[PDB]
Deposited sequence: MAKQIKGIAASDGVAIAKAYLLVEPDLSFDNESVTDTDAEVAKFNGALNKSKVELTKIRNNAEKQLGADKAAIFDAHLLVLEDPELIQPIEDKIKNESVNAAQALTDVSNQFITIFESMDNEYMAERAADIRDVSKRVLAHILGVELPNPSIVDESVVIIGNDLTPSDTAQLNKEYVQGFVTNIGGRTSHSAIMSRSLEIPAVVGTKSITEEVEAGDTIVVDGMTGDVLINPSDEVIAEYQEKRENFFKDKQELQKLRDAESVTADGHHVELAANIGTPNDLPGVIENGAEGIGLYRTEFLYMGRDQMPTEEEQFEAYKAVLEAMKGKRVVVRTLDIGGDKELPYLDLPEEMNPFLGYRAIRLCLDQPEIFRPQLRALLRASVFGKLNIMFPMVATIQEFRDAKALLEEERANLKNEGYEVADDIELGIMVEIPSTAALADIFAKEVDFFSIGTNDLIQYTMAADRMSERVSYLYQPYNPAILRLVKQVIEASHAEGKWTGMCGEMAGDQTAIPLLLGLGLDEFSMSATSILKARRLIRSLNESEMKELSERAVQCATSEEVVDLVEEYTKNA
């Protein structure tokens, strides 16, 4: 029973392996029948060759290709006549046994090859030493490791590969890395010991380190069908609908910041993209991104989502970021200054390329465009007018532009929530960016440590502003989404459901667990939780109410 119960999964229950290198010690004896001694050596030699030729071929046809070149090198050594002949001649002319004959001759090679200090000649001496050990073991009749719950002294980042990952089930508990690496990589169990070298015999274990009992072999056995159970039923929801137990439907979209995030979107079952952050196109470069370059990236995503909603956020950046082209002064409170839509409306030369590209990409999918940092109705109107201006420009140039592009704002500035009903008439949708709404509403820097205690996503104040935005959009027949981390928060989800949020958008690695929660919930019950939640005074009271309705 050791520790280090991490690095990988749990519950293994298999045999063993013990990669401990056997005792290949021998006494330098003298032989009577040298011919027999030479045949003995030649027999171990060939046995080693068929062994290697089996290891090689059975490494490529599994999971090697490039891992199968060390064995061909191992094999090349054994074909070297300048190695074999000296051994045989020693057996004959010196009348010593094969074991020492092999060792003596191979040692000389090891000696000469390491004193060359070449990165390869030291590799050669390493191959000789490695294969010489194989023949020698055959020569002495000692069965050595080769391709169960593996267990070894150290952590070989080369030895742990020979075995077939298939039968290589269970775990691999050593004693402290090269072990904890493939531990989680092979998706197996682990459980960094020390005195594990004296556990069970060669027969044997149970990862989770228990080894055996034959009694409590049922507890962990079903505890395994509890680990795979969750992971399986979870991924099974990949295509399942996002519906509450009582039939209430919601959409679970993903937040991405690059077309490279697309694979994670599909493998998690997102129902669309609620936030396509576009800063990656502008940050880390010396020139602004061209219309054509942005077009390609918007179109790629629109098309890849096959008609699913894709909400692109126009440039949301300010002076606190590098940006060599463009000259943004220092600023005392950048989060309260010249940034996002303020910068874009003030510098249309950086905004037009983005709007033209979006407009052009709109024909390849279901595109929604949202503006960040809008504080006033006139700012939305100016942005929209500029979008319409380039719309007309694109048509007079022959380009096709989708006519039903929904325009919204990302609610983050409190004044925007205070006027929800007014914006709800001119806008097509709202998307609550709680990361910044919490910040501005609590007047606490989302990145500051000294005041992080005021960054309260569950505070009644936040819930109330979220509610008036949602209710304001529904009254005008529109919808409201959320792309702030809150939307993927297990504690917030129950509340958002009750409040009536239409679409939740989050990192792809959260949709599944979120879909699970949403299914095991009653909207009628969540609605009640939210009505009381917005009547609380503190965040703690809100939390207590959520742990209550989600017992």
Subject >> Sequence ranges absent from the coordinates, based on the deposited chain and numbered from 1 >> reply: 1 to 3, 151 to 156, 186 to 188, 204, 218, 223 to 226, 230 to 231, 572 to 573
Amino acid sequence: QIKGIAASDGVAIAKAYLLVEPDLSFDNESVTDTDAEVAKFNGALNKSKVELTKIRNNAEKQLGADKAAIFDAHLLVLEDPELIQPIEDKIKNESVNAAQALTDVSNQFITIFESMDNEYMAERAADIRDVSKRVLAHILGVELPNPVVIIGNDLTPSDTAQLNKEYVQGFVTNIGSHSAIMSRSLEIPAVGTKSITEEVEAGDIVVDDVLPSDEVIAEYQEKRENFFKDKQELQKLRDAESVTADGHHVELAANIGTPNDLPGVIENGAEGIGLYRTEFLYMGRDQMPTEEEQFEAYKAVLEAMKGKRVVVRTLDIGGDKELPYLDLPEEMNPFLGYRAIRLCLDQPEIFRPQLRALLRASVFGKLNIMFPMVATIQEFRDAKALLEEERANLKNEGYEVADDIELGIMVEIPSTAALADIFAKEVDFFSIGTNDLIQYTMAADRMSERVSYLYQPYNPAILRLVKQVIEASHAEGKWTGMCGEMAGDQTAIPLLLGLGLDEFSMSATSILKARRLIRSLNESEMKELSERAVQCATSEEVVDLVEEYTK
From here on, numbers count along this sequence of modelled residues.
Subject >> Residue range whose averaged C-alpha B-factor is higher in the record, 211 to 219 or 335 to 343 >> reply: 211 to 219
Original post:
So 125 to 133 or 385 to 393, which one's hotter by mean CA B-factor in the entry?
Top reply: 125 to 133
**OP:** Going by the CA temperature factor in the entry, name the top one among 427, 182, 463, 240.
**Re:** 182
Original post:
Taking the values straight from the PDB record, which of 294, 97, 448, 153 has the highest C-alpha temperature factor?
Top reply: 153
**OP:** Check where residue 485 lands among this chain's C-alpha B-factors and tell me if it's the lowest, middle or highest third.
**Re:** lowest
**OP:** Taking the chain's C-alpha temperature factors as the reference, tell me which third residue 165 falls into: lowest, middle or highest.
**Re:** highest
Subject >> Entry-reported Cα temperature factor of residue 325, expressed as the chain third it lands in >> reply: middle
Original post:
Relative to the other modelled residues in the chain, which third contains the C-alpha temperature factor of residue 259: lowest, middle or highest?
Top reply: lowest
Original post:
C-alpha B factor of residue 103, ranked within the chain: lowest, middle or highest third?
Top reply: middle
